[PDB]
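The structure under discussion appears below in the form of structure tokens.
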Amino acid sequence: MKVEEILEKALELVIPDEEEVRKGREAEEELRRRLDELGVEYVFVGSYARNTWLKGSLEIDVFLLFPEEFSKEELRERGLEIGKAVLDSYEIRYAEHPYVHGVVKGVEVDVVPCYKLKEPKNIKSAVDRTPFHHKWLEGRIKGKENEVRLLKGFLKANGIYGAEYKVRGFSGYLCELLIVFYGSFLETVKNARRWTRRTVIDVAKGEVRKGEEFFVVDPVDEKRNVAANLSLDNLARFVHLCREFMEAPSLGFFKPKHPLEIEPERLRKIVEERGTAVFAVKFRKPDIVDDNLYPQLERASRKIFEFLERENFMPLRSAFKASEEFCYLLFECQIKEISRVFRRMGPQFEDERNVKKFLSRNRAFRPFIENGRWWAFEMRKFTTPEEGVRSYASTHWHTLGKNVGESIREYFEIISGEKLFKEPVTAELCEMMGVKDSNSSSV
RNA sequence: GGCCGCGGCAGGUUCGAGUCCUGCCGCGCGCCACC
Ligand SMILES: Nc1ccn([C@@H]2O[C@H](COP(=O)(O)OP(=O)(O)OP(=O)(O)O)[C@@H](O)[C@H]2O)c(=O)n1
Ligand SMILES: [Mg+2]
């Protein structure tokens, strides 16, 4: 359990076994065979072309390079055409930039169309930097392949690996740049402890400077932030893990933690012990890609959360879950019920023109003067969070994200109490409420 | 699809809105994700 003895035992978890590598090289050989037959200019990129892919996560990436003059429509129609021809089975489902996900001799393959650029300053597509990323990294990452796999596995085990909107973590390319900048996994962790939200890491200049936000400068484009989609919280979660690790190293930092089935009875006791209002908004999952869904679930959850605050239900945290059929927006509040009456502010006693208008309004109770101005007692239209959210989600369905809001419009329901604990949201509830010992890394 | 702006324009809430909530439109190949 020394710092180095543990990184030894952890390499056995992140390094692919020779039975998987052979399966990868065999698929790579067949892929080049079919691609060469089509006479298309292509290039292998990603973690596979650099031998930095994690164990159990084998995926080959192939970029097809087309002329600059091609329309975005022509790029797609030709890209998808080649892709379908090369892959055994394929699947076309993307958010913006077209590509083909499929299989070749049993391995995951992605055939991505892009432009054959010279100097990637003003890229035309989003993915035109990727060949240039591979060209810059192949010569510098050599020898340090396992130092990347330690960093990737370290993050994946703590659920902050990936730049996708489902994660908002560290892209696999960001990890490689960090190893080139620090040399080893150990040196990244040591230095990561003193990162801040202002840290700028310019790999191209071998410099660490201060800036406006966390910014890892892309060697290929000094305007591009490689860590653009790394949330501030996940940045923090990483720094916290590094300080914890150096303070007390362990192999568990690399073991993926999975949730535990919590009894619906134990959960009912925890919520009762807290005395908070725990409820959820349930609606049909819109049939869209995760990268469109999660930003909207984030938005919807925020809009309802913000509503609860200004309505004085004093919310604690928010959360959401996406099952196969349904989406859930979870909330916890300190106020299960508020009075119907509240005090609305009136004008100062001086200018009677405003006061006369203020006092003319028919109210159930008599207004009063306090500290030099008038006040009135008015009634609320709802006195609980559930009743409030019911109203908001019904009327303001449109502002909860395009697809989510349109799904909430057609139907939604607020689930509370025990009826909630039978839903697929136990894990999300325990994370939200800070329940202890609801996770484990037992194999 | 989400996010950030320069503007706006109207509407709702209010004694009172350039200031809180909402809807619509323009412009930065604006930024990010799908690789
Ligand atoms: N947010 C992202 C994600 C990736 N890439 C580019 O996409 C390539 C590979 O895509 P991806 O599969 O997403 O990352 P991998 O390096 O393959 O990581 P992993 O295999 O673990 O998924 C990288 O070379 C990188 O230049 C990028 O610039 N921006
Ligand atoms: Mg890959």
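Indices start at 1 and increase along the chain as displayed.
Yeah, the Cβs are placed from backbone N, Cα and C, and that goes for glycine too.
Per Swiss-Prot, Mg(2+) is bound by A:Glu59, A:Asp61; the candidate from A:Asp17, A:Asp110, A:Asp128, A:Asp202 named for the same site is A:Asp110. The two recorded residues, A:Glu59 (Mg(2+) binding site) and A:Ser47 (ATP binding site), show a Cα separation of 8 Å. Calculated from their C-alpha atoms, the gap between A:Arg50 (ATP binding site) and A:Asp61 (Mg(2+) binding site) amounts to 11 Å. A coil conformation is recorded for A:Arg50 (ATP binding site) in the three-state DSSP classification, outside any helix or strand. The expression tag (A:438-443): residue composition by secondary structure is 0 helix, 2 strand, 4 coil, according to DSSP. A Cβ distance below 6 Å to any atom of ligand 2 is met, among the binding-site residues A:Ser47, A:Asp110, A:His133, A:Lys152, A:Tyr161, by A:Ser47.
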